[PDB]
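Same chain, two versions here, written out as structure tokens and called structure 1 and structure 2.
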Structure 1
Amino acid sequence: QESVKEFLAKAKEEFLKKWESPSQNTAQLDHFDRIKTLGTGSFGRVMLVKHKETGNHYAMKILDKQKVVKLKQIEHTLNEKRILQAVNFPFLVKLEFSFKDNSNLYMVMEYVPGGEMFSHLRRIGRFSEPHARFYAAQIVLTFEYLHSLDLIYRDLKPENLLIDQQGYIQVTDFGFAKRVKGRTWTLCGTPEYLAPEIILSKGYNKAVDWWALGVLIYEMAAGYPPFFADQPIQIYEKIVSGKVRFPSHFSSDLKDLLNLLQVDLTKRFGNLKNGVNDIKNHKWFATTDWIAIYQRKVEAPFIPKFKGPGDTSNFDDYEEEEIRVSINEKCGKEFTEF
């Protein structure tokens, strides 16, 4: 459709202008009050903060430079910030500011108070097909956008999909996203969502995101992932096997679409001559109005319960640790471009 082709051509022009001249150093730490830890990992965490002059709330991702170096995440961290400052799409969390100091790297993002899709899925058990289809359509459009910019996302899982005040998705965590025109080789991603070609250490491409969409749709509609097992090595054996079992409650159209979980990447939907259109035109999506979804004109199946833009009740509790800043600069060379 020409209107879609023209939209994507403008989207790539605007991305490239920011990609080639990235913003830097657009805030500082003492402009914000720290409120609460929203999540934690091996080299970073995310904290709710409030801007002291405007009163606006944000989610601030804080990375310790020395730990980034030690866990071999330098390039990944530079990818994350350079991509986030350049993209713009209705279903991607927005980067508002970025900066660094002697000790840390900071990405200040919009705060989405409805919490992770993962929490809501585990509460209710499983989503109906219409409810799963509403979220899946947003991921299909987001991947069409990212792939047209030559970006692979590589971290799709329910924990990275936040639910906003209108019940739509905001994708967060660009820590494994990368600009790739051909193949790439890094081992990364959560075990249950890895495509076979990642597990087998091959040069892989954007088809790994369409595989991960198949895992996400199965998990939303079943309540558990298709290759579940107790330990990673057992998960990986099931992934490479070519076999999947579907619950009897799945529709025949859903089973047929889940062409996404095709072990041969050269036969996988999203990676054929018609690209994303094989997914968008599949019978499981026959009731989906793609333009209305993009315009946020569809009524969502679920509106999260929260009291206001500072409420943290849809996130969980972590031990609260200091944000320390050394008097000496650490790892200045490695992070020059941030």
Structure 2
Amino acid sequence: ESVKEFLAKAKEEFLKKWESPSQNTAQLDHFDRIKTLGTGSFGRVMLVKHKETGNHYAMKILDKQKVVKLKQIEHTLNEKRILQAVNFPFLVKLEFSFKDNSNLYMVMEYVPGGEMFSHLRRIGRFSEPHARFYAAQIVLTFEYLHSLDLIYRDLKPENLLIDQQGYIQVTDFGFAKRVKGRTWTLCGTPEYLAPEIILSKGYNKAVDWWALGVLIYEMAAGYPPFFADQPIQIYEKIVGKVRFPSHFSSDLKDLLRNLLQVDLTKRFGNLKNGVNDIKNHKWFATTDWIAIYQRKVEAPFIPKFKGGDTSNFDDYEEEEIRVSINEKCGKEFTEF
């Protein structure tokens, strides 16, 4: 009952920030560039150092022209607007944002541990306690996001960072949508799509609980439950024959049968008791939910701290950051 009050205040605060977003809280020459951490079809992520403070940040730089070319205006504006409005322990925080003639900039605290994806592929698979520790953080994060009527729709190890305490930071919010009924976009990453996203019928927040099932499976097995060479073939397998590795525990298989439940009216997380069917499942019996939320549980894995180290990121050709003399796509990004 005290949970209802906490989340009611959280929704009020979210909606106030959504309605009056922060804008223009730094500028590019406040930062020194150190290294490219990632590239994508319309932007880059840079390790930068704030000149005045010496603090390290991940700066996500989006090329406005490429965003427009690739039809990502609404998603990019949405990511920034969501990020500055949400507040939860396992969500990255937006420290600054601004724009110039060429680019949009979002500046987050640097997390040198990098992505869950790279740790998972290095180790192979996580033990069940290890996977459970991460899963519990996702469960709580979705309880929070769903209370705001947001569907997350972008869960995968690629969008999950491991911080210096060994806890999760969820990175990406372009796809997060307010949905109290149904929505219909074919949106997400193939291996993680619920059957009702692939099919033309509408879907709701239950797709996030399906995706949690996929994540737990991939964390525990080392590979996702439905895989193939091309997306169309992944979709066909999804639409529910799952096989479990023999090392999966009885409790883990039972949980996954109820999360990877094709019938969304039978899927855990989407029943009358909502998230509590998940929290009370036997696989989570050893999980101290409050202690996880408070980050008082000893993490199973702490990324080695090497001192601005980028050992957990790949190397990229370092290319210019060019700011045109002409303003590009001003009207489209006015609200950023």
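All residue numbers here follow the sequence of structure 1, with the first residue given the number 1. Rigid core: the largest C-alpha set superposing within 1.5 Å between the two forms.
Taking the core as reference between structure 1 and structure 2, the lone member of 157, 179, 131, 126 whose Cα moves by 2 Å or more is 179.
Core fit done between structure 1 and structure 2; CA of residue 203 shifted by 2.2 Å.
Per-residue C-alpha deviation between structure 1 and structure 2, core superposed: residue 91, 0.5 Å.
Superposed on the core, the two forms differ at residue 194, whose C-alpha moves 1.0 Å between structure 1 and structure 2.
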